[PDB]
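Asks: First piece of the complex, coordinates kept as in the full assembly:
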Amino acid sequence: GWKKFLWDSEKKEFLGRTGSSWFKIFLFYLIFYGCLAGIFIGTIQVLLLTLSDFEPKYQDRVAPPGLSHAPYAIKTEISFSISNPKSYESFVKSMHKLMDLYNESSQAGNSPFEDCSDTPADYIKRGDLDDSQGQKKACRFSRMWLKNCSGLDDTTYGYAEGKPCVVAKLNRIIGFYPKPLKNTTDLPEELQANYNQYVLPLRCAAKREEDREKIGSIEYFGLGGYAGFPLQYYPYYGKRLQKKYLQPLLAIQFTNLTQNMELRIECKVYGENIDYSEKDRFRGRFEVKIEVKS
């Protein structure tokens, strides 16, 4: 058994068959699998021919935009010591990676960048989603706009003396027009002051009623000095039709932060085409657990 079914010397068989048999079986499987691969490739090519290069057919799973930030938190927590420098390195590295894309050297010339209103403005339509006109043009977003969190003055961005920053960003969606709430009698408390129609407001607060007192002064930095996103940087025409496109950003400095205590800060954007979800904690809003232990 063990030895025979492996190699016999009378029938000159190996594993069970002769030399020509293993060849017949190998050749059959090679032809079969080759036909299988060719058919699968053809059925995938017809698919590639069914889709368009300038627009995703289905855009319903990304209707309510998200709200991400610059620091990379493992559990949405920012904990670092003001003494040990090797504690907030993972944060600064990320922050830097994000801001490193807004360098002025990258934004230069007439193509493809265009100078836009230094003050919030309305939408701008560069035509349809076609290839007739060449590569569209995107508005320039300068670093310096973010005043104390830019890595140009204090590279660390704040983490050095107990005053961290948080650069918030709205998820890029093709053909999405942001719409803010109107001045009618129904509007949250916060939003009343500085109702620039052209600005999408972003406002952070405390998850629990207690934590309010322990949170100090939320100082927002943005385009024009407002705490929002200018509508002029929309809509997004997609990578193919707008490479070298920069999305607005909003800096948030959490000055006067209580020391040695976990603070839960929830940031939230307001608007018509914006809706939150009890399951996805990043849809429209976001949570951060800051703890500047020193």
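Replies: Right, received. Where do you want to start? Numbers count the residues shown, from 1 in each chain, chains lettered A, B, ... in the order given.
Asks: Count the residues that sit near the residue nearest to residue A:57 when sequence neighbours are not counted.
Replies: What sits nearest to residue A:57 in space, not counting adjacent residues and going by CB to CB, 6 or more residues apart in numbering, is residue A:51, at 6.6 Å. For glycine as for every other residue, the C-beta is placed from the backbone atoms N, C-alpha and C. Residues lying near residue A:51 (other CB atoms under 10 Å) number 9.
Asks: For the spatially most central residue of chain A, give me phi and psi.
Replies: Chain A has residue A:171 as the residue nearest its centroid, 5.3 Å off, counting by CA atoms, centre = their mean. Main-chain torsions, residue A:171, degrees, to the nearest 10: phi -60, psi 130.
Asks: Would you agree it is in contact with residue A:67?
Replies: Yes - contact criterion CB atoms under 8 Å: residue A:171 and residue A:67 qualify, at 7.3 Å.
Asks: how far away is the residue nearest to the centre of chain A from residue A:284?
Replies: 10 Å (CB to CB, to the nearest Å).
Asks: intersection of neighbour lists for these two?
Replies: A:65, A:66, A:67 (CB atoms under 8 Å, 6 or more residues apart in numbering).
Asks: Number of residues surrounding the last one?
Replies: For residue A:67, the neighbour count with other CB under 10 Å is 21.
Asks: Would you reformat the shared contacts of residue A:171 and residue A:284 as a markdown table and include secondary structure and distance to residue A:164?
Replies: Formatted as a markdown table, the shared contacts of residue A:171 and residue A:284 follow (DSSP: H, G, I helix; E, B strand; the rest coil; distance: CB to CB, whole Å):
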| residue | secondary structure | distance to residue A:164 |
| --- | --- | --- |
| A:65 | coil | 25 |
| A:66 | strand | 22 |
| A:67 | strand | 18 |
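Asks: element containing residue A:172, please.
Replies: Using DSSP states H and E, residue A:172 sits in no helix or strand.
Asks: Count the residues that sit near residue A:61.
Replies: Count around residue A:61 with other CB under 10 Å applied: 6.
Asks: following sequence is chain B, place it on the structure:
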Amino acid sequence: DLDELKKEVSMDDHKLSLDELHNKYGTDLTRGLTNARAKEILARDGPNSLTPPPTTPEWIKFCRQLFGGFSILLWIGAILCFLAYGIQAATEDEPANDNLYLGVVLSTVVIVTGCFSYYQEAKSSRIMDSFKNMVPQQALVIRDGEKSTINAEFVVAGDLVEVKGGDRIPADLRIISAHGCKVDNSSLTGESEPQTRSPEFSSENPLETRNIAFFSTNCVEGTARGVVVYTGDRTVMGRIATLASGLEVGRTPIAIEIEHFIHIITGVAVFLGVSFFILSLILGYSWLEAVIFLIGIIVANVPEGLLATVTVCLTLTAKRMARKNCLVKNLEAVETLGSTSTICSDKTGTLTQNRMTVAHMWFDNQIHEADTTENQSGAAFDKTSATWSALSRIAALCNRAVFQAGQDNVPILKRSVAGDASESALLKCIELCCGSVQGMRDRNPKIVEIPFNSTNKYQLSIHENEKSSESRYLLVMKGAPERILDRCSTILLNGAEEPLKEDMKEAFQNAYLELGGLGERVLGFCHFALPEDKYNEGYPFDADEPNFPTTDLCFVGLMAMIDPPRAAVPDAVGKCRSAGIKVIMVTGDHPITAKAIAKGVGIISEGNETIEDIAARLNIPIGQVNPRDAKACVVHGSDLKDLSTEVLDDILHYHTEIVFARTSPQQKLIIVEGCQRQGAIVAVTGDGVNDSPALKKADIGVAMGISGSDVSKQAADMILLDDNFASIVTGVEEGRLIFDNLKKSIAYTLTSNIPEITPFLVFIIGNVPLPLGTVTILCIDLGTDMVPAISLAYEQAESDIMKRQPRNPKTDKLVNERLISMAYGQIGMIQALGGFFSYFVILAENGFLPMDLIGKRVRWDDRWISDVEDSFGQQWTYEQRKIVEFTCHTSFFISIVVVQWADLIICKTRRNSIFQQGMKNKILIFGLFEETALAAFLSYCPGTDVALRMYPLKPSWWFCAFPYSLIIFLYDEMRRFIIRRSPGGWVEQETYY
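Replies: Now chain B, sitting on the chains shown earlier:
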């Protein structure tokens, strides 16, 4: 419990005297034992009652069903799942509970299967318990000189015991004085006729001598006395029962097939696991992850639903058998019949009816045949001549037996008749075709009679003549044909009378040898009309002197009789021989009768010849002829005792029609073992206790239900509650049908294994988002798939199954490489490709093109990256991409169902085409409809994306697997075509399961 001392042939002290016997055990031949001494022995050795069988608590057999071979594999799978969960828990945070769910599911599956199988075997046990009817019995013992009837459990060795016709022999007695006492040794020794028990010794074999009574035997007619020689378990049938209980069980063929199947499944599972373990280690992953990968692949390569499917398949074939009155105690004993290739049968009680019946009759120089079948389904014998009427009057009058009171309900043949067997058969035949014998007897008053003398060997009697015109006297005598022939001078031909010239005397001699050679017992009936002038109506013929003319009588005709076989015995034997099953007769009866029954049932085909037949046809000694020219052989037990192992092997290797006669139960067991030693499956069919050691050691035992013994009924595996022998043919047919169906169902349940493992393999090698989730694999293996696999059992035959030769056990297996090459190699591959196609389509329509999917798993899984760029530049949060992945799992599961449609259709038939067989299986159609409805329900029902994580699909996706399904159908259709046109070609020795 020394088995060798129980395997030996019975010994005894028969060859002794009455003085030596009384001097060895101690007992007064005329006064018996004393009460004090009787009780001293009763307490010294034990009551005369067999030991009860070894009981069995219900939790023990429930634990037995919870284990086995398949259930053990599922048990190790659950253990492995919990081990991997413990690891993931101690090594990382947020451990996915997938493994724990899979483990509790496997454990529940094993428990449910055990409960179902146990319930079925318990059902059979209850219906089996409703047959043991044990009424207490008391014997007649003589102590201190007085007769007393005491319980059978109080008889000891040495006391005197008296028996009377109608009672049962309590223990093993040594006859000391008998008065025409006959005994029925059919259950123990298998002797069809009543052997007379005489105080004298006659044969060296204790089973052949007449001075020994046996346990469980009944005294037909007469009275006798005897000293209890053997008592309790030490009796003959006690040692036989103890030997039967002290034998092993074995291991059915279906179990061995399941074992080899698990062997192949584990081989390919551990191979794919160790290989992808070395590969994962060669790509960088850590040890902690590689171990989980190995366990995941091994656990994934295990058919969980195949256990319930196989159990239901076997149960389905068992209920039909129970509908035709064929009950199986176990569950796997339903397939052994189909794999049998050598059936060892018993004669008395199994091949025959064990009841004497009038077979042939002689009258008007012509042999006439009578119907000897239980239900009386045959040909009449021309009841229109006067000769027959005279014969009916002779037999109905010169007979002292009468039906037992209160039988007005049972049929004419199954009623109880008090008297000898010959007189009973005659009475039954007359009551069958001549109306009520009670009126035929009261119509003619019997005046003077005369019993059966040992000298006269004839029974005569005179009665009045019912003729209202003739007041003469009728005389009727019956006896041996030679004695009666020497007392006649006339012959009743067609009614008239004629002389007894040598012409009819020679025709009577040829008729005597014709009925005698048939193995039957023939008698002669004659009568005479006494002249009323020499013997008036008032003269009394006292039985003292010669008042009747012994000679010058009128012979009417001979009457033969023999025990006939059961109705469907010849047809069933022929059907078994047609299927290539070797029929070998094994019985402890006389060879002269065994050979005749063998030729009458088909064991010894007409035309074949034995060495003695050739020596008789040539008129030369037997030592000259060559034994190779004889196809059939009759092996005597006495000669079997002195035969080596090689001789028995040669006997079975050179003779096709073998008949073992005068074989003891131990020899029956030796024959069964001699048949197994070669390599063929054996099925033993019996009824008495002598078959118990043969039914146990055989691969499958078939015991009779009505005419069977309790010991052989408890030691057998299949019971024939109706005593119909055709059930054997039905069983051998079902055993094959369910085998080809098991093959089809196994290939069906194994084809899906590939499109359930390939996604994870491409997930680890290509780093793409997980294609097939775990709750979808569970919804497939334990959901939809169950109904179709169960339906595959209801498939009818393709060709004649009762025509092909028995399957070879050493070459034709149940799961060969030809199946693995199809399920794992060709169909499963196409199904996996279809699933991946639907996958890529779903991800391409939402924004993730195939070029950007390779290399995303690291960020696609990360829970803290809320900005994943797609092929178009959009940013997707974690939960949004997870929702898309879940929708891909739902569509993958639906694609699996779509390809399973064509897989179930190509699995319906193994060789034939669909346009030939036909879609007449309604269960399969219902399976397809339900399989689709369940998938639609699991996807569209609200609250499923929360409980099971399955999102709704868009009507355009459901059509991504259709081309693959039709292609599968076309490929298998052309496959099952070259096999038909080209028999024996490459496609057959490569893809023909």
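Asks: quick recheck of the nearest residue to residue A:57 now chain B is there?
Replies: residue B:845 (5.4 Å; CB to CB, 6 or more residues apart in numbering or on different chains).
Asks: Surely that neighbour touches residue A:58?
Replies: Yes - between residue B:845 and residue A:58 there is a contact at 5.5 Å, judged by CB under 8 Å.
Asks: Who has more neighbours out of those two?
Replies: Counted by other CB atoms under 10 Å in any protein chain shown, residue B:845 and residue A:58 do not tie: residue B:845 has more neighbours, with 18 against 12.
Asks: wait, what's in contact with the more buried one?
Replies: Applying CB atoms under 8 Å, 6 or more residues apart in numbering or on different chains, one finds that residue B:845 lies in contact with A:51, A:56, A:57, A:58.
Asks: From what I see, the first one and residue B:844 are in contact.
Replies: Meaning residue A:51. Yes - shown here, residue A:51 and residue B:844 form a contact pair, counting by CB under 8 Å, at 6.4 Å.
Asks: which among the contacts of residue B:845 gets closest to residue A:150?
Replies: residue A:56 (33.8 Å; CB to CB).
Asks: what about that closest one, neighbour count?
Replies: Neighbours of residue A:56 under the rule other CB under 10 Å: 24.
Asks: need the strands for chain A, in chain order.
Replies: Using DSSP state E, the strands of chain A run over residues A:67-69, A:77-79, A:113-114, A:138-139, A:165-170, A:199-206, A:217-221, A:228-230, A:250-255, A:263-269, A:285-291.
Asks: Name the nearest residue to the residue in the stretch 151-294 of chain A positioned nearest to chain B, sequence neighbours excluded.
Replies: Nearest residue of the stretch 151-294 of chain A to chain B (CB to the nearest CB) works out as residue A:239 at 3.4 Å. Nearest-residue entry for residue A:239: residue B:873, 3.4 Å, with adjacent residues in sequence omitted and distances by CB to CB, 6+ apart.
Asks: likewise residue A:215?
Replies: According to CB to CB, 6+ apart, the nearest residue to residue A:215 is residue A:206 (5.3 Å).
Asks: coming back round to it: farthest pair in the contacts of residue B:845?
Replies: Top of the distance list for these (CB to CB): A:51 and A:58, 10.6 Å.
Asks: then chain C, please:
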Amino acid sequence: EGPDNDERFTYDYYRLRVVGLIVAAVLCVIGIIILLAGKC
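Replies: Adding chain C to what we have so far:
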């Protein structure tokens, strides 16, 4: 179209589920019919 192109991000999953359930129910019924067609 233009600014108010909100429909470009909506899908009537409700109606889809309703139809899919009606169809599933019908298939189940037909199945039962075929199964019992013969025992009456």
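Asks: ok chain C is loaded, check the neighbour count of residue A:67 again?
Replies: Residues near residue A:67, counting by other CB under 10 Å: 23.
Asks: what's near enough to touch it?
Replies: A:168-171, A:202, A:267-269, A:282-286.
Asks: Turn those residues into JSON lines, including distance to chain C.
Replies: Converted to JSON lines, the contacts of residue A:67 look like this (distance: CB to the nearest CB, whole Å):
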{"residue": "A:168", "distance to chain C": "22"}
{"residue": "A:169", "distance to chain C": "20"}
{"residue": "A:170", "distance to chain C": "15"}
{"residue": "A:171", "distance to chain C": "13"}
{"residue": "A:202", "distance to chain C": "21"}
{"residue": "A:267", "distance to chain C": "24"}
{"residue": "A:268", "distance to chain C": "21"}
{"residue": "A:269", "distance to chain C": "17"}
{"residue": "A:282", "distance to chain C": "18"}
{"residue": "A:283", "distance to chain C": "14"}
{"residue": "A:284", "distance to chain C": "14"}
{"residue": "A:285", "distance to chain C": "19"}
{"residue": "A:286", "distance to chain C": "21"}
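Asks: Where does the stretch 51-200 of chain A get nearest to chain C, residue-wise?
Replies: As assessed by CB to the nearest CB, chain C sits closest to residue A:63 within the stretch 51-200 of chain A, at 4.0 Å.
Asks: middle-most residue in chain B, spatially?
Replies: Short answer for chain B (CA atoms, centre = their mean): residue B:702, at 3.4 Å.
Asks: no, scratch that, I was asking about chain C
Replies: Nearest to the geometric centre of chain C sits residue C:20, at 1.6 Å (CA atoms, centre = their mean).
Asks: With adjacent residues omitted, what lies nearest to it?
Replies: Of all residues not flanking residue C:20 in the chain, residue B:940 sits nearest, at 3.7 Å (CB to CB, 6+ apart).
Asks: try residue B:863
Replies: residue B:878 (5.7 Å).
Asks: The one you found and residue B:866 touch, don't they?
Replies: Yes - at 6.1 Å, residue B:878 counts as touching residue B:866 under the criterion of CB under 8 Å.
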